[PDB]
Amino acid sequence: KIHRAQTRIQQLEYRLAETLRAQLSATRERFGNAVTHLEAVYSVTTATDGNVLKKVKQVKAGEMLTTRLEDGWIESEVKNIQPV
Amino acid sequence: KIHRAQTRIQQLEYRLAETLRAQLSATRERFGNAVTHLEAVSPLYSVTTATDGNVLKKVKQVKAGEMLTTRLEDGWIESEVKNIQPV
Amino acid sequence: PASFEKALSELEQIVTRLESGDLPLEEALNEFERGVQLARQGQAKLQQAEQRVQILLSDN
Amino acid sequence: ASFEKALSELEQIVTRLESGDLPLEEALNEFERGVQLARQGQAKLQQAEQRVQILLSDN
Amino acid sequence: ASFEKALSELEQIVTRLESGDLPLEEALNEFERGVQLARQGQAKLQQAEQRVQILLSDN
Amino acid sequence: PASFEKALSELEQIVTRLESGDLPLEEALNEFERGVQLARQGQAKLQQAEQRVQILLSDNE
């Protein structure tokens, strides 16, 4: 009788550990996935020189520029340079 | 002795399941992380805004006679839209 | 205080509610905290009984 | 607050940034609130992992 | 090919893409290559959890 | 074919190499199948030995 009582407690103990492991593992993934989405998170503007504008140093006081939106691209020439 | 041997195998069968479940959840979490990063590409850097401060996300709104202001990391530049080439 | 019989049914109550799954993290861990202590207590008593029978069956 | 509540806010912050209806004035204003939730939210999950490993040990 | 290869290739495409080096025209083309790897990574991971499920189930 | 003790040696060496967690998935998982075969195979033989003693020890007709 004692041997079969020991095994019954043995099985229950492992089930407790397993059930919590997966429930803890699920919460880690959803929280991990959420933070990566937040950590990662417009328009694209390119000069005639083939560069993607990244610094006002590239600009020239009266040079053309083109920008591309989700539809196509337009262009204009810089009129006032106001870096801050 | 037999009941001792049944306990041994019961103990070892659990370690076998807890070892694999650990390996598998590690690779799922790292792969699931990598897909959201690839998805985290939102529009597909600069921002183009109209004089009124109202955004333009569809080029056809432009009037071709307005001084759009584009804000970049270091500052903003302004110019008048004159020609268009929709795609 | 609790006999061995009611320790097993008490454990059965905890395990079944836990894997039902609808439990917040704060409460689940508190339930899991009582769970292992109860199982660890019940294990000790059976070891005590196992020793007694061995010393009773043996000539000594 | 509760861990579940912490997530409930964080998830609704990200879906707002996805929508894009928020200009840069306020879009950046909510990125600073989201990160503090993430830092403190991350601490409580790390604490829980240590409570499971202590109990599952030999003592 | 190997599953571990798929992740390693995917990561290098992700890291290089976040660096912002490429132009938009080519930048898309690797993002097209990105979804090829992603959908076969999920396919292999799904079949892995099925095999463990059938073996370890009481059935 | 293998003895019962060689079954325990086989399972022991499988669990040890696996728990270091340093194998390819398609290899480590494929070996996990063998582990449950030995455990399921070995367990059954102790069902037959445990029952033989009960019939032999009890006053079976």
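Above this text is the structure in question.
Residues numbered from 1 in each chain as written, not as in the entry; some residues may be left out. Chains lettered and ligands numbered in written order. Part of a larger assembly, values for the part shown. Heavy atoms only, no water.

A.B. asks: Let's hear about unusual backbone geometry: which residues, and what values?
C.D. replies: Apart from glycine, the bulk of residues carry a negative phi angle, and the bulk of peptide bonds sit in the trans form. A positive phi angle is found at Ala64(B), which is not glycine, with a value near 65°. Inspection of the secondary structure assignment puts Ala64(B) in the loop between strand 1 (47-49) and strand 2 (67-71). (Helix = DSSP H or I, 4+ residues; strand = E, 2+ residues; numbered from the N terminus.)

A.B. asks: Mind laying out the interface of chain B and chain A, listing which residues take part and the relevant values?
C.D. replies: With 39 residues of chain B in contact, the opposing surface of chain A contributes 36 residues. Summing both partners gives a buried area of about 3,800 Å² for chain B against chain A, and 53% of it is carried by carbon and sulfur. On the chain B side of the contact with chain A, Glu29(B), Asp74(B) and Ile77(B) bury the most area, a combined 16% of that side's loss. Remark: the boundary between chain B and chain A carries four salt bridges. (Contact = heavy atoms within 4.5 Å. Buried area = accessible area lost by both parts, 1.4 Å probe. Salt bridge = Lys/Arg side-chain N within 4 Å of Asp/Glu carboxyl O.)

A.B. asks: Run through the nonpolar core, naming residues and quoting values.
C.D. replies: Counting residues in hydrophobic clusters, the biggest one holds 17 residues, and the most contacted among them are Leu16(A), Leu20(A), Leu11(C), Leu29(C) and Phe32(C). Counting only elements with at least two residues in this core, the list comes to helix 1 (2-40) of chain A, helix 1 (4-19) and helix 2 (25-57) of chain C together with helix 2 (24-56) of chain D. Once residues lying within four places of it in the same chain are set aside, the contact partners of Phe32(C) are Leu16(A), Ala17(A), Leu20(A) and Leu55(D). By size, the runner-up hydrophobic cluster in this structure holds 15 residues, among which are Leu20(B), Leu24(B), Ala28(F) and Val36(F). (Core = buried A, V, L, I, M, F, W, Y, C linked by side-chain atoms within 4.5 Å. Buried < 20%, exposed > 50% of the residue type's maximum accessible area, 1.4 Å probe, protein only.)

A.B. asks: With reference to specific residues and values, describe the packing of helix 1 (residues 2-39) of chain B against helix 2 (residues 24-56) of chain E.
C.D. replies: Between helix 1 of chain B and helix 2 of chain E, the least distance of the axes is 11 Å, while the angle of their chain directions is 160°. Compared by their axis directions, helix 1 of chain B and helix 2 of chain E come out roughly antiparallel. By crossing handedness, the relation of helix 1 of chain B to helix 2 of chain E is classed as left-handed. Across the interface between the two elements, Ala17(B), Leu20(B), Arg21(B), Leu24(B), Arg28(B), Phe31(B) and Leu38(B) from helix 1 of chain B touch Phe31(E), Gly34(E), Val35(E), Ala38(E), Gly41(E), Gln42(E), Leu45(E), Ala48(E), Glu49(E), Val52(E) and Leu56(E) from helix 2 of chain E. Counted by class, the contact of helix 1 of chain B with helix 2 of chain E contains 12 nonpolar, three polar and three charged residues. (Axes fitted to C-alpha atoms, helices over the stretch in contact; angles between N-to-C directions. Parallel < 35°, antiparallel > 145°, perpendicular 65-115°, else oblique. Left-handed = near helix turned anticlockwise from the far one by under 90°. Nonpolar A, V, L, I, M, F, W, Y, C, P; charged D, E, K, R; others polar.)

A.B. asks: Talk me through the interface of chain B and chain F; I want residue IDs and the actual numbers.
C.D. replies: Listed as interface residues are 14 residues of chain B and, on the opposing side, 20 residues of chain F. Summed over both sides, the interface between chain B and chain F buries roughly 1,800 Å², with carbon and sulfur atoms accounting for 75% of that surface. Area buried by chain B at its contact with chain F is led by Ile9(B), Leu16(B) and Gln23(B), which between them contribute 34% of it. Counting across the chain B and chain F interface gives one salt bridge. The partner of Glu19(F) in a salt bridge is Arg15(B), with the nearest N and O atoms 3.2 Å apart. Inspection of the chain B/chain F interface yields one residue pair in polar contact. (Polar contact = N/O pair within 3.5 Å; in protein donor to acceptor, adjacent residues only side chain to side chain.)

A.B. asks: Describe the arrangement of the chains, listing the residues and the values that go with them.
C.D. replies: For the nine pairs of chains in contact, the maximum contact count is reached by chains A and B. Where chain D comes nearest to chain F, the C-alpha atoms are still 17 Å apart, and the two do not contact one another.

A.B. asks: Describe in detail the side chain of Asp74(B), supporting the description with residues and values.
C.D. replies: Within the fold, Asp74(B) resides in the loop between strand 2 and strand 3 (75-80). Within polar-contact distance, the side chain of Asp74(B) engages the backbone nitrogen of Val56(A) at 2.8 Å. Leave out the neighbours within four places in its chain, and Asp74(B) touches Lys55(A), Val56(A), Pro83(A) and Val84(A).

A.B. asks: A description of helix 2 of chain E should follow, citing residues and the corresponding values.
C.D. replies: Under the 1.5 Å per step criterion, the end-to-end length of helix 2 of chain E is 48 Å for 33 residues, consistent within 8% with the ideal 48 Å. Taken together, the buried positions of helix 2 of chain E are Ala27(E), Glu30(E), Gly34(E), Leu37(E), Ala38(E), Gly41(E), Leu45(E), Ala48(E) and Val52(E). Next to the buried residues of helix 2 of chain E lie helix 1 of chain B, helix 1 (3-18) of chain E together with helix 2 (25-57) of chain F. (Expected span 1.5 Å × (residues − 1).)

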